[PDB]
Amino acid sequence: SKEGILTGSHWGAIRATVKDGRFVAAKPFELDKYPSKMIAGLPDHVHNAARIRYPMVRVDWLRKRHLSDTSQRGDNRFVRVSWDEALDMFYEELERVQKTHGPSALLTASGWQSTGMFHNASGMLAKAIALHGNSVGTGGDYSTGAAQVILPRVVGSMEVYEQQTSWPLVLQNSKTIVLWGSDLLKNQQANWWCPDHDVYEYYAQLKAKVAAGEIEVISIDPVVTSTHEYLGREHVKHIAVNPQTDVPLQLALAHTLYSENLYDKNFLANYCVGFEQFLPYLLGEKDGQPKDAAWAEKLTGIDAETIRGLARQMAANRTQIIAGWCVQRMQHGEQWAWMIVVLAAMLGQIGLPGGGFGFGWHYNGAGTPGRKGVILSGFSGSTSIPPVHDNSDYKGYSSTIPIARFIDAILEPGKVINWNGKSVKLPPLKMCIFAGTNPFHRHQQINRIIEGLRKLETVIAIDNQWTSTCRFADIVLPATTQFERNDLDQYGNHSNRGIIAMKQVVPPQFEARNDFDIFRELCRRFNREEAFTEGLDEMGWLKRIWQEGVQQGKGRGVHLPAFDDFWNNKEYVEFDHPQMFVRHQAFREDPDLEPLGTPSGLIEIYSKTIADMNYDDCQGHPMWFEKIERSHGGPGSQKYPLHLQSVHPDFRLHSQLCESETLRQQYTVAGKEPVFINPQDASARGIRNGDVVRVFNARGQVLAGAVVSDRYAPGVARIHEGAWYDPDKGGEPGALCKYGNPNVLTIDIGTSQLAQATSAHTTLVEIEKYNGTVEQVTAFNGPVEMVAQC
């Protein structure tokens, strides 16, 4: 049939080939010099056994609805129903919950979904429900849950998703680059809008500068990252810090900087507040313990003199701090993010090209010069009319909670917690809807999630693959992939390089529907179809989005062609006039005219506002707090001696494309997710490559396939997140996961009272070669379909 069909995804733009109605090969877009291997999984993603073929309802839920046996969730026994029957039940449940409980019982949830301006699954969900009634909202996300709360308070920006100093300037000016828990090479494969991958050009240049010894790269990381491996182990200075001891390391660098007069007094005095209130802590005047190189050597396992050497090197020349997000996705994650800023402040290079800090470097091609282009605005969740049932009665519970507290809300309703200076009362949720997110991938401590779901009346999942979420649902609705629809997207993110047409590759498979059509038909049930669609279909909406784009471009001085011209004749437009950027430079150059958005206008090393909250676990300046569990001598490490990283996958985006055999064949071990193990740790357990091992703690147990790797320091392991949950006894708490989802082993706790964010990477485990029976993996084969024989 058809060859060279242009479209896009989180993993990049493709030229798709179709043969006899099947998507068979995905070639890289011709402008993409650095495509991701993951595009090879996209045909499988469209055509594999886990694709949701039709609406499905959990046997006993179909029988008894909200009066059903919730214990059977997870058993994977579902009945096919018609679309109209499914949508009716959906509507009737919305009606029932609104009448019985009101808006405090209802939660929606969304996530990374797919690229595409119109086919915005989160927007479809939010709009449809918002046209029916009120619900519990959430604040924050799992990416930068801690950082995005603390950083506004201390540097007046969210920071984490923002543009970074242009790489050309970094490469011409920085002499030391500090990668602090950041894997650029691995994580720039997938971006929010279709990636252009042009940032990899800069990484190649960096590689050459490293080889020539012009730039020294320091990696502060328990593991040799993909980036480190790429730049070269012979060249990269590796600080293999003990997991979760980064704050001690930060404080000791700060101490050294002060102790040896390497700090910038002028910068601290003129661009910051509160340094004087922090120093007594740092120096041990108010506790007897200097937060010094000697002190930190005990915690971090880094030689004190190496700590001092690091500080001195950072101060000695132009130094770029590149901070990732993983180190704030753990207990008290705000502390580490805050100390990145403090350390950068003490160095005094903030606002210089290739100096200072940033958190956005691994995301959205950050550091690529931004072009003078157009950014389209997609289908919004926003409504202009009130809900049909506009009940404001949340019965004395809060109407917004932190995103990661939703299970705590189900299990501990009425619990009162602090959140970033406010008081929150967790509502008794009864009905959850998921569209474009996978909770059994995303959230922590799956056995507790199981217990939480068992208190729910109704669970609805809408997806294009039969995920672990779908396995634990009551109603499952088949959404399409983006490859079965038409759309528009940005090409490039921070670069704003271009815009691409997403042309339909194949027709909707089976009776899968675009989320637009799902929620449109739902809205018809309560007479709000028109308010949802705004009188437009797919191609109408795409034309509307483009035209708004055309209007934005005129008056910004960028000319776009007409829609039909673009769609049918061009398919791709590219922008020009790339701009250099230096982050924080405006503030550095004129702090009076360009103040930070902080209480003082300055960098808050001490925050009176935070101090006044009276949170013992997030005080007025950064502090070392001991963790609920930590490796290398921390709590629990006598029982569970290994730190388990749940790092972002190299061969998927989260749980997406786990079902691809094309990709799995490249990294699976014994048919399972690989677990990475240090050679000394492996030899102590008699473990070797290919072994089926049990990774366990007091929270859960999983099976995985051992990879013995010297990239891992002793006492550090990894199972990449996104490995699907596959319980041996479906639905039972304490089931052994046969594929190896790390969130079976994580703990579900708030970072601190400030952010109340996910602490996913605060995880201790043991590993042993497994002595039980290895059953077949059942993760990727859909449900057990059930039929009425009567």
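Just count from 1 along the sequence shown to find any residue number.
Would you tell me which stretch averages the higher CA B-factor in the PDB entry, 276-284 or 322-330?
Here the higher of the two C-alpha B-factor means belongs to 276-284.
So which stretch wins on mean C-alpha B-factor, 3-11 or 781-789?
The recorded data point to 781-789.
If you check the C-alpha B-factor for each of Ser683, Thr227, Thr306, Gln666 in the entry, which is highest?
It is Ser683.
If I read the C-alpha B-factors straight from the PDB entry, which of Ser166, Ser655, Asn270, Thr115 is highest?
Answer for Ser166, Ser655, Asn270, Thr115: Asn270, with the highest C-alpha B-factor.
Lowest, middle or highest third of the chain for the C-alpha temperature factor of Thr609?
For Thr609, the deposited C-alpha B-factor lands in the highest third.
Taking only the Cα B-factors deposited for this chain, tell me whether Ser82 sits in the lowest, middle or highest third.
Ranked within chain, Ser82 CA B lands in the highest tercile.
How does the C-alpha B factor of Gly41 compare with the rest of the chain: lowest, middle or highest third?
Lowest third, going by the recorded CA B-factors of the chain.
Going by the CA temperature factor in the PDB record, which third of the chain does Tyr34 belong to: lowest, middle or highest?
As the PDB entry reports it, the C-alpha B-factor of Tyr34 lands in the highest third of its chain.
Test of reading the entry: by CA B factor among the chain's modelled residues, which third contains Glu297?
Middle third, going by the recorded CA B-factors of the chain.
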